[PDB]
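Have a look below at one chain only, the form deposited in one PDB entry, in structure tokens format.
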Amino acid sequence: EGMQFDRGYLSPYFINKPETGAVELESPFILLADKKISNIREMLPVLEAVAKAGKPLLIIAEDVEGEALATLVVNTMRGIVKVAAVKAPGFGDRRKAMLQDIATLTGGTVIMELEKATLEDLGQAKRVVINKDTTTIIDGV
């Protein structure tokens, strides 16, 4: 078991374990962004980095929307990208506080400019399970 908050996948097309309707990510990297992501040009640096490392990425942001989400989803559907996205839990100051808690458990840093983030700022966990209503981070670094 591990940490679990009540936020599910941003797109049902992130699912890779349909028999359970879940997204299971083994040894993923974790991005904690206290902002709404909409431009893909913004995340390219981090997407390039985790791709060289050959590990999946979990994006936990205030919201991931529009073009960014569209690209993430479509590329996942083709298999060119191994990523999943969910909204950050809580509201107001509680959101920020909870974001740091997740950062601490995984060893990451809550984003500084998103364009200049690295694997060093990313969190890590042994496994992550995401369904329609929740996200469970298992064994954080």
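Sequential numbering from 1, following the sequence displayed.
Novice: None, 1 to 3, 4 to 9, or 10 or more: how many residues of the deposited sequence lack coordinates between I111 and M112?
Specialist: The entry has a gap there, with 4 to 9 residues left out between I111 and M112.
Novice: Mean CA B-factor: is it higher for 31-39 or for 77-85?
Specialist: Higher of the two, by average CA B-factor, is 77-85.
Novice: Taking the recorded C-alpha temperature factors, which stretch has the higher mean, 21-29 or 5-13?
Specialist: Going by the record's values, the stretch with the higher mean is 21-29.
Novice: Sorting the chain's modelled residues by C-alpha B-factor, tell me whether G90 ends up in the lowest, middle or highest third.
Specialist: Lowest third, going by the recorded CA B-factors of the chain.
Novice: Using the B-factors in the PDB entry, rank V128's C-alpha atom against the chain and give the third, lowest, middle or highest.
Specialist: Middle third of the chain for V128's C-alpha B-factor.
Novice: Can you work out whether the C-alpha temperature factor of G66 puts it in the lowest, middle or highest third of the chain?
Specialist: Lowest third, going by the recorded CA B-factors of the chain.
Novice: By the recorded C-alpha temperature factor, relative to the other modelled residues in its chain, which third is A53 in?
Specialist: Ranked within chain, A53 CA B lands in the highest tercile.
Unshown form deposited with a partner chain bound; subsequent notes refer to it.
Novice: Quick one: is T109 in contact with its partner chain in the bound PDB entry, heavy atoms, 4.5 Å cut-off?
Specialist: Taking the distances in the bound PDB entry, the answer for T109 is no, it never comes within 4.5 Å of its partner chain.
Novice: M98: heavy atom within 4.5 Å of its partner chain in the bound PDB entry?
Specialist: No.
Novice: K116: heavy atom within 4.5 Å of its partner chain in the bound PDB entry?
Specialist: Taking the distances in the bound PDB entry, the answer for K116 is no, it never comes within 4.5 Å of its partner chain.
Novice: Find out whether any non-hydrogen atom of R41 is located within 4.5 angstroms of its partner chain in the bound PDB entry, and reply yes or no.
Specialist: Contact with its partner chain, yes.
Novice: Among 27-35, 72-80, 101-109, 88-96, which stretch has residues with heavy atoms no more than 4.5 Å from its partner chain in the bound PDB entry?
Specialist: That would be stretch 72-80.
Novice: Between its partner chain and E120, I138 and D139, in the bound PDB entry, does every residue show a non-hydrogen atom at 4.5 Å or closer?
Specialist: No, the candidate spot makes no contact with its partner chain.
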